[PDB]
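Enquirer:
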Amino acid sequence: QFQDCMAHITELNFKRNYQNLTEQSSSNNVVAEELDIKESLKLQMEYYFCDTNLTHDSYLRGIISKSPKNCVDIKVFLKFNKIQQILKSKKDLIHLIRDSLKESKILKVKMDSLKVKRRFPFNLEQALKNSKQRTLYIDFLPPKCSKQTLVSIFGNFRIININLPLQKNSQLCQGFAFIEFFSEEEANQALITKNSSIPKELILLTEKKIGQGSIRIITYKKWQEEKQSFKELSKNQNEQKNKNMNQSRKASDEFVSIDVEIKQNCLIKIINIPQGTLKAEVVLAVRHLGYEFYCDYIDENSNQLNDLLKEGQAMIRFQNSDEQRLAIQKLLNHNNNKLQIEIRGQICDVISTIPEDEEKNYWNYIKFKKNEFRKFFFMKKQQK
Amino acid sequence: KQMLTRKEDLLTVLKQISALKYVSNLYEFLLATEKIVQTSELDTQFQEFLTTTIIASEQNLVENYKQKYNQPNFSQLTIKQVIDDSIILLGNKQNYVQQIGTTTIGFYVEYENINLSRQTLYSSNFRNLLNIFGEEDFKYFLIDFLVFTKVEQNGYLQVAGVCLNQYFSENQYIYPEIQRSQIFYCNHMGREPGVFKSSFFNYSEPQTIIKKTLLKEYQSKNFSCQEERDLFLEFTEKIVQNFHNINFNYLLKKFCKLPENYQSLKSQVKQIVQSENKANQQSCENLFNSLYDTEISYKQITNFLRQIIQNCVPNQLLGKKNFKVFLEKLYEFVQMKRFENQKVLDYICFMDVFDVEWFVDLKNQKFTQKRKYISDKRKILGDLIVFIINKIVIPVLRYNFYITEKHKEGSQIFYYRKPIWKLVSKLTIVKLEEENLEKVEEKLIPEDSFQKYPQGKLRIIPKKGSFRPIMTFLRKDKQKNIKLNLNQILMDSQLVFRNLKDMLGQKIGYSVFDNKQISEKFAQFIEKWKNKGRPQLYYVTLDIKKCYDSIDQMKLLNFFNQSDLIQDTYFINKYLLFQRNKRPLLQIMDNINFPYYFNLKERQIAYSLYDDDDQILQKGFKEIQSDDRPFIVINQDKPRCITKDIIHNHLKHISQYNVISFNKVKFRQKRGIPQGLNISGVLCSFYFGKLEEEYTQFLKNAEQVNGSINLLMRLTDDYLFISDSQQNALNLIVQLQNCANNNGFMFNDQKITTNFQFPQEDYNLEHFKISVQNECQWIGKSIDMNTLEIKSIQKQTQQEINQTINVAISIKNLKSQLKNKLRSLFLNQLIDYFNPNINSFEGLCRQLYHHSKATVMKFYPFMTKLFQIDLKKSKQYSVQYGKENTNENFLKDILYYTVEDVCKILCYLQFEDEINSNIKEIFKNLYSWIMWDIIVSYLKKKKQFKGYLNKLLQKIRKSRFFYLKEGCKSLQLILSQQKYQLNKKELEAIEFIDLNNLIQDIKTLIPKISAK
RNA sequence: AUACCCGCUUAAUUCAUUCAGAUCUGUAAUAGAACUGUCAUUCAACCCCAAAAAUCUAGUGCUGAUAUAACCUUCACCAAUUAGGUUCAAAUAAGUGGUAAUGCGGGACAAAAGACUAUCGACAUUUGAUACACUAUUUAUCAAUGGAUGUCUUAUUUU
DNA sequence: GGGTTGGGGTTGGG
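Taken in sequence, the protein lines are chains H and A. Those letters in the first sequence? Residues 82 to 169, 202 to 417, 453 to 532, by the entry's author numbering. Those letters in the second sequence? Residues 11 to 179, 216 to 251, 281 to 663, 687 to 1110, by the entry's author numbering.
1) Where are the alpha helix (DSSP H) runs, 4 residues long or more, that stay fully inside the segment 339-401 of chain A, in chain order?
2) So what's residue 816(A) in DSSP terms, helix, strand or just coil?
3) Tell me whether the beta-carbon of residue 349(A) lies closer than 7 Å to the beta-carbon of residue 362(A).
4) Measuring only between beta-carbons, confirm whether residue 403(H) sits less than 7 Å from chain A.
5) When you check each C-beta in the segment 455-486 of chain H against every C-beta of chain A, which residues fall closer than 9 Å?
6) Use the C-beta contact count for residue 482(A): other C-beta atoms within 10 angstroms, 16 or more gives buried, fewer gives exposed.
7) Apply the 10 Å Cβ neighbour rule to residue 1105(A) and answer buried if 16 or more other Cβ atoms are within range, or exposed otherwise.
8) Indicate the three-state DSSP secondary structure (helix, strand or coil) for residue 130(H) in the structure shown.
9) Measuring only between beta-carbons, confirm whether residue 195(H) sits less than 7 Å from chain A.
10) For residue 261(H), which of 106(H), 144(H), 255(H) and 223(H) has the nearest alpha-carbon?
11) Using 8 Å for Cβ pairs, my map puts residue 375(H) next to residue 465(H). What's the rounded Cβ distance?
12) Can you grab the Cα-Cα spacing for the pair residue 955(A) / residue 989(A), in whole Å?
13) Cβ atoms of residue 110(A) and residue 125(A): under 7 Å apart, would you say?
14) Count the CB pairs spanning the segment 606-623 of chain A and the segment 636-643 of chain A that are closer than 8 Å, and state whether there are at least three.
15) If contact means a Cβ-Cβ distance below 7 Å, which residues of the segment 151-178 of chain A contact chain H?
16) Which residues in the same chain have their Cβ closer than 7 Å to the Cβ of residue 856(A), if we skip the five residues on either side of it in sequence?
17) In this structure, what does DSSP give as the bridge partners for residue 546(A)?
18) With distances taken Cα to Cα, identify the nearest neighbour of residue 741(A) among 113(A), 644(A), 1100(A) and 733(A).
19) So which of 152(A), 324(A), 804(A) and 854(A) has the shortest CA-CA distance to residue 237(A)?
20) Flag residue 492(H) as yes if its beta-carbon sits less than 7 Å from any beta-carbon of chain A, otherwise no.
21) Quick test of the definition: if touching needs 3 or more C-beta pairs under 8 Å, does the segment 846-853 of chain A touch the segment 863-870 of chain A?
22) Cβ closer than 8 Å: which chain H residues qualify as neighbours of residue 443(A)?
23) Might you give, ordered along the chain, the residues of its own chain that have their beta carbon closer than 7 Å to the beta carbon of residue 142(H), omitting 5 neighbours on each side?
24) Closer than 9 Å by beta-carbon distance: list the chain H residues that pair up with residue 439(A), in chain order.
25) Which value, in whole angstroms, describes the spacing of the CA atoms of residue 398(A) and residue 1019(A)?
26) Give me the DSSP bridge partner(s) of residue 382(H).
27) Would you call the segment 956-976 of chain A and the segment 934-943 of chain A in contact, with 3 or more CB pairs under 8 Å?
28) In this structure, does DSSP put residue 914(A) in helix, strand or coil?
29) Applying the criterion that 16 or more other CB atoms from any shown protein chain within 10 Å of the CB defines a buried residue, is residue 793(A) buried or exposed?
30) Name the one or two DSSP bridge partners that residue 173(A) has.
31) Compute the distance between the beta-carbons of residue 824(A) and residue 845(A), then report whether it is under 7 Å.
32) Determine the DSSP secondary structure at residue 45(A), reduced to helix, strand or coil.
33) Would residue 498(H) be called buried (16 or more neighbouring beta carbons within 10 Å of its own) or exposed?
34) Taking the beta carbon of residue 293(H) as the centre, do at least 16 other beta carbons fall within 10 Å, making it buried, or is it exposed?
35) Taking only the alpha-carbon atoms, compute the straight-line gap between residue 306(H) and residue 274(H) and give it to the nearest angstrom.
36) Nearest CA to the CA of residue 389(A): which residue from 459(A), 223(A), 1064(A) and 418(A)?
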């Protein structure tokens, strides 16, 4: 019975926003003559996940999206700001909530399940556009604080909600506020009554928060319509000059590394590696120490063509100098305490320390590699 | 498409084997080698022998044996000399037919064993063959070729060449096995709950004692270093210390406690035991039921085991997550069935290696070779799992519980507390002593039989209101030089009585033993009923209660002594039989061998020295074939002799001095023969056949005295009788009652199922409880009294079905295991009653429908278990079925091929080779559609199969329906050509198809086949 | 049910004590109190008959259909019953049985395009080549490839 | 100083 359900649904959220306008004004209440705590909690919670609030909330929708069927626990409501005030036991509170919602119209409840289920699923984005059409943009509000006066005096057209920002700007009532109307037809009716405002004045300047400055009483769609050109000009403008951006981005990744990122002592050179030994075996031999290192397989002895002297030498760049010293202790082969190691069945020679000029040049081409790593992505992005 | 045929030729089958390159008969080989010419004349018998003899070789050697003009062919040596020369030339090779029963010593050959095939080798036909061939060519022909000679209508005997059985033949770690079977049937009881005093838990009261008692795990090779062993030793010490602090009484009282009226039950049992007079039957039955309703639940026992494990084993031994995984899998292990078991991989594949913190590696392989490190630590994790289980869980269950299965509950497992089982054992002993068992003393039994025969053990299975004793004879006495059990001692007499069973079938009574005999008797009776003209039928069903115990030993001995069907002396022959399987012949990917087409079976036979008609001395085998397909037999060199006196001594000993033990208390039977011996069924059948032939004289002449059709069969102690005369049925009942009264036996429950109603007062049958039903039920089979059709009886609930299914799955041979299991499940019972001479087309369709509906529910747990393993992690299956829907593809392939094979077998069974291929294909398509529709309807609701698989199965079903419709449409045009003349069976099939209107759809036949 | 993280789970006396041996008390014979030893022939698996059997890399007529159809829809799972849809796949269900359910207490950041050197040849990817494994393994190096990652955004509590 | 042939597998009737 979707046709029943759709009409059944439309009644509910109407009853919901109906209560919200009343409770903020405290117009009606059942007090304690006939309990009605069940109706109070009902209004509270299915407002807590009413369409308008979730439009403002945008969080409980996510938390129910976490659940597979989106059925959610009662316990989550007990932590809420103005729910616990019922007071007077969680094992009893769950039963109370359950038999309070057992006749509810938007929450499926049955077999004492630990979960609650809103009877209409997701439809978040669709409500966003419908509400956006129903909403209206206000930009003529002087900083005077007359929120209660505003809501009591705007009883001229059917309004879903008034979104007045609090403390976003200075003092309490500085923001330009947001107002939604009962329907798109209601918003169009409010527009037909040209600049619908307080009855004593609707087109001229007046007092209080609705003092009616530059009278920008238009709905959300034309608010974005007037946004469009001004926002798009700034957003587009002109593309950034891509010629010097990579050169600017060089500095930190290039010219400080040898003493800021990896100290010069962390670099250890290896020589006399026979040809025919793949670098995988060499990096495995270095991994035998267990520390973390960067291996620069030295085939280009010029250190910045396919260099003919392949696999002759190797360069190891540790992360930390102390780890490098620990590796030196490990590379201090306890059988002979010789700065050497065997790879692929052949013993090769290692260098513990390299002259600082060669270390600086090696770091220079390392930073060149880093710069070109940053250049590839930068040229890739510069066309977008 | 390829179809199975009832008639096949050995040469045609052999030509389909790729290994053999040259296959031909002897005559054509001789003509090709030009040893003989067509113009030459020979004896008719020799010509027939040459034509029938079949030879084969791995290569083409016609040129090698080409006739040579250098020297003619004249023979001067003996055939034995030529054979000896060939055997000597064979040398060290030890797999040839001619070497059977003989040995070679230098250039001398020695015969020491009996070979029945040597007669063919030394026959005059082979003498003339040698005369034609020549010595030098014969000696090599006996080696280069495989010689097969026809000795029966379709049988062949290999006499030379390599033995056919030779064609039917870097390591990896194998994890240990959980000894789950040790839990069952433990009758021991101890003053304090816990474990056995022999266990290391109790033996200790330092690390020295624990090391001494647990060396088998301490010095394992999986440990990398001594530090790992020391850590494991410390963990074992901590476990032992923690174990002694467990309040077993409190745990039992909390989780699995005794019933409230346990004291009342104990008092009742004691009163019954102490009472001198016979106890009340209904009171004893109520006590039995009350005792049996005290079983413990799976959840209760799981909670008990989890509580025991948690406070006894340190959590860091396995890891935080691995401990929880093990605890969770413990329930699954607990609820696991009787002939089913778990595997170490079921735990290893779900826990994490790196969770363990105390693991240490001598070499830093954690980052270099992660896979090698993982394997090395898995080798230790599995050892830890096996140690924990087999050292804590199994001993506790064995000591503190008696675990067994009920009578009619199938393979389902049940648990009972030990004192309850002690009470049950006492009550069962009291019941058996009054009836058939007596306490015995070793003084009475002669020492000869005492040292010559082993004793048996007694086991009791719970039953509704009673028990069911089972005695076993597996044990053998280590002392007194005994190496065999009773069955191994008596299997010679078992062979002799199995030979007796053949003439026991029809000569001296109404006894049946197999569904083939039942089916042929039913077919003959159905044909006679058809000849009579379909008159009304009545049936009676009754059975004997405790037939084995109601056997008179003196009467049995007298029958054995005076029976002339048992000869004085017999000889035992052993041979190997090769028989065609149910696989159609491939038509000519390259590796085709004998096992693809033949099944190897080992057979023994006992034969007499008389000049019998079957002349077993000439052949060495006695086999019955239901088809014309050929088979091959090769003899063996292990003969044995058995004498009637030995059988007499064995029968006397088992009848008089049968001794069994129970709770270290010896007992002895007083009447009858013990059930469970390999000869018990045959002996019982013969003994009761004597009395029934004594008392059923009138049936011998009734069918011609007044021309009344009547059928009587007896399977063991169960009787079934269908006739046309209510007077005949009543006379049979009266005669059986008289025979029972005279011979001192009775029928079960005083209950009889009939198709009619008669006054029991006239025939003194008042004590009988006659039950009237319009549908007969016999040995689990359902028979119609209107159409005289037979179909099996199937269960109706998945709970009933699952109780009789044992699931065992190994990743190594998933495809083969599943295919064979499904094949066996489909062909278990349907093949034995799919005879077209019994049912019509509609009956066959209904039988197949119901059998398939049963089998799909039977097999469902197998794919439920299969889905627990993801094949995408196995290369062997991923390379073949992708990585996305590996399980679905594997299941689809298995189901498709199994269904196709079953349909082919069903068509072969239903139709003969003379029927039209179009009819065969149409029926195969119809059967395939039925099977696939049943499977799809069953599986369309399951959640695991809800998605990808259902579309494929629906596509297969639609394809089968389309193919069936297309074949039906094309058959009309095929027959309209007038090129074929239809026989009566083809006309019947055409009429059936046209009546059911298979051209359009299937909705007409479904109500007729799905009726229940 | 994401069962994501944490903790313990009536946590407390015995429901029960076969068989055998060895003590004390009582009895018209019954019994009661206390102690010690203890799986086994050291291994347990019943039999009869019949069934099936690739060293399963090898395999489909790979699939055109019966809107009298097939699919899809419920707050775990299974077993069933009804209502509603759709025309090669998505949307919104109502009951009836069995079974899992432990239970409490504490906890629970969003999304479409951006500003982004903030980081990375120590970033991330489909792969593909090699080794280490393989009975259902959780990955290392080069090759190729291009973004990935981390913040601020645009947004804010009858959360 | 050695020595039936020990298993593997478990369905449906009795």
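Cβ atoms here follow ideal geometry from the backbone N, Cα and C, with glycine treated the same way.
Expert: To lay it out plainly:
1) 356-367 and 373-385, all fully within the segment 339-401 of chain A.
2) If you number the second sequence from 1, residue 816(A) lands on position 718. It is a strand residue.
3) What you label residue 349(A) is simply residue 274 of the second sequence in a count that begins at 1. What you label residue 362(A) is simply residue 287 of the second sequence in a count that begins at 1. No, they are not a contact pair.
4) Start at 1 with the first residue of the first sequence, and residue 403(H) comes out as number 290. Judged by the 7 Å Cβ criterion, residue 403(H) is in contact with chain A.
5) If the cut-off is 9 Å between Cβ atoms, the segment 455-486 of chain H has nothing near chain A.
6) Position 407 of the second sequence, counting from 1, holds the residue named residue 482(A). Flag for residue 482(A) reads exposed.
7) Here residue 1105(A) corresponds to residue number 1007 of the second sequence, with the count starting at 1. Exposed, by the Cβ-count rule.
8) Locating residue 130(H) in the first sequence gives position 49, where the first residue counts as 1. Assignment of residue 130(H) by DSSP, reduced to helix, strand and coil, places it in the coil class.
9) Residue 195(H) falls within a stretch that is absent from the model, since chain H runs 169 to 202 with no residues between.
10) Residue numbering aside, residue 261(H) sits at position 148 when the first sequence is read from its first letter. With distances taken between Cα atoms, residue 261(H) lies closest to 106(H).
11) Within the first sequence, numbered from 1, the residue matching residue 375(H) stands at position 262. Within the first sequence, numbered from 1, the residue matching residue 465(H) stands at position 317. That pair is a contact at about 6 Å.
12) One-based indexing of the second sequence puts residue 955(A) at position 857. One-based indexing of the second sequence puts residue 989(A) at position 891. So the two alpha carbons sit approximately 16 Å from each other.
13) Reading the second sequence from its first residue, position 115 is the one you call residue 125(A). Reading the second sequence from its first residue, position 100 is the one you call residue 110(A). For residue 125(A) and residue 110(A), yes; Cβs fall inside 7 Å.
14) Contact fails: fewer than three Cβ-Cβ distances are below 8 Å.
15) none
16) On the second sequence, position 758 is the one that residue 856(A) refers to. The residues are 828.
17) Taking the first residue of the second sequence as 1, we reach residue 546(A) at position 471. Note: residue 546(A) sits in a beta bridge opposite 533(A).
18) Taking the first residue of the second sequence as 1, we reach residue 741(A) at position 643. Closest by alpha carbon: 644(A).
19) As a position in the second sequence, residue 237(A) is number 191, starting the count at 1. From the listed residues 152(A), 324(A), 804(A) and 854(A), the smallest Cα separation to residue 237(A) is found for 324(A).
20) Here residue 492(H) refers to the residue found at position 344 of the first sequence. Output row for residue 492(H): interface = no.
21) Verdict: yes, contact present.
22) Here residue 443(A) is taken as the residue at index 368 of the second sequence, counted from 1. Simply 397, 400 and 401.
23) For the purposes of this step, residue 142(H) is identified with residue 61 of the first sequence, where counting begins at 1. Once the five neighbours on either side are set aside, the close Cβ partners of residue 142(H) are 135 and 237.
24) In the second sequence, residue 439(A) corresponds to position 364, counting from 1. Going along chain H in sequence order, the residues near residue 439(A) (Cβ under 9 Å) are 400, 401, 402 and 403.
25) Stepping through the second sequence from its first residue, residue 398(A) is reached at position 323. Stepping through the second sequence from its first residue, residue 1019(A) is reached at position 921. So the alpha carbons of these two residues sit roughly 58 Å apart.
26) Counting from one through the first sequence, the residue named residue 382(H) turns up at place 269. Per DSSP, 463(H) and 499(H).
27) no
28) Taking the first residue of the second sequence as 1, we reach residue 914(A) at position 816. In the structure shown, residue 914(A) sits in a helix (DSSP, three-state: H, G or I).
29) Along the second sequence, read from residue 1 onward, the residue named residue 793(A) stands at position 695. By the neighbour-count rule (16 or more Cβ atoms within 10 Å), residue 793(A) is buried.
30) Position 163 of the second sequence, counting from 1, holds the residue named residue 173(A). For residue 173(A), which the question treats as bridged, DSSP gives no partner whatsoever.
31) The residue given as residue 824(A) occupies position 726 in the second sequence. The residue given as residue 845(A) occupies position 747 in the second sequence. For residue 824(A) and residue 845(A), no; Cβs fall outside 7 Å.
32) Within the second sequence, residue 45(A) is the residue found at index 35, counting from 1. Coil.
33) As a working mapping, residue 498(H) is identified with position 350 in the first sequence. Residue 498(H) is buried by the Cβ-count criterion.
34) The residue given as residue 293(H) occupies position 180 in the first sequence. Counting Cβ neighbours within 10 Å, residue 293(H) comes out buried, since at least 16 surround it.
35) Working through the first sequence from its first residue, we reach residue 306(H) at position 193. Working through the first sequence from its first residue, we reach residue 274(H) at position 161. Between residue 306(H) and residue 274(H), the C-alpha separation is close to 19 Å.
36) Translated into positions along the second sequence, residue 389(A) becomes position 314. The shortest C-alpha separation from residue 389(A) is found at 459(A).
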